[PDB]
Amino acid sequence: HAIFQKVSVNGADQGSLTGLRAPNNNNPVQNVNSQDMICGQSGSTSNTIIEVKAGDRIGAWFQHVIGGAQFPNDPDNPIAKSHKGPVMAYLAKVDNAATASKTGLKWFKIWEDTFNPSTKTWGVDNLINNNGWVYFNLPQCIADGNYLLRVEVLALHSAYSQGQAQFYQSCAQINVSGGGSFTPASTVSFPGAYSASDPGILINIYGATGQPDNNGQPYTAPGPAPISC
């Protein structure tokens, strides 16, 4: 139960919900065909378009509730330790980030922190270790102009049952400067890219004693592979 609710560019805190299309509530989206799977549920929107340069270090801040922790010593801030799973980042080219409809956009994945079989660590584990933040670099090669940056936590604690995997989502409205000439080799539709019966969505991640280690097996994240320049 968390909400990506704040961007940071090379450390520069862009402000709570500045240029964010983010849910009001922290309830999970579980129907992978739902329109809520693009930028999460409808709720907060913004008129800001975050000015970034191709290559910048984007940090995305997840917290239990809007504002941060729901109460002093909140055990589920930034997210509950049980919510093991990957975190994923997509881009989609638009004319005007502020106006653009979230529907029908051609998405492409730029980054993912999935699972490490050896160290037994998930994307969410790093999320928590980084006090809610998730850092990644915007690819150098992408072409200038407006994008929707779509960061997405996938929690797989109950994902052993069909349609019980949990998706947490939000979109930063951004604009890219000092870019290249990379158009994606292929794109994916949202909703559409994820199938409920995927190895990464329908999956039991619990080992013998019941620890969420995926029996030290390599996780296969949903959607396309991250791009490369």
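Numbers for residues come from their place in the sequence shown, where the first is 1.
Of the two segments examined, 32-40 and 196-204, it is 196-204 that shows the higher average Cα temperature factor in the deposited entry.
For the segment pair 145-153 and 74-82, the entry gives 74-82 the higher mean B-factor, averaged over Cα atoms. Ranking 133, 136, 122, 108 by Cα temperature factor from the entry places 108 first. Reading the B-factor column for the CA atoms of 11, 23, 15, 216 in the entry, the top value corresponds to 216.
Among the modelled residues of its chain, residue 168 has a C-alpha B-factor that falls in the middle third, as given in the PDB entry. For residue 158, the recorded CA temperature factor ranks within the middle third of the chain's modelled residues. Sort the modelled residues of the chain by CA B factor and residue 128 lands in the highest third. Residue 227: CA B factor lies in the highest third for its chain, per the PDB record. The PDB entry assigns residue 27 a C-alpha temperature factor belonging to the middle third of its chain's modelled residues.
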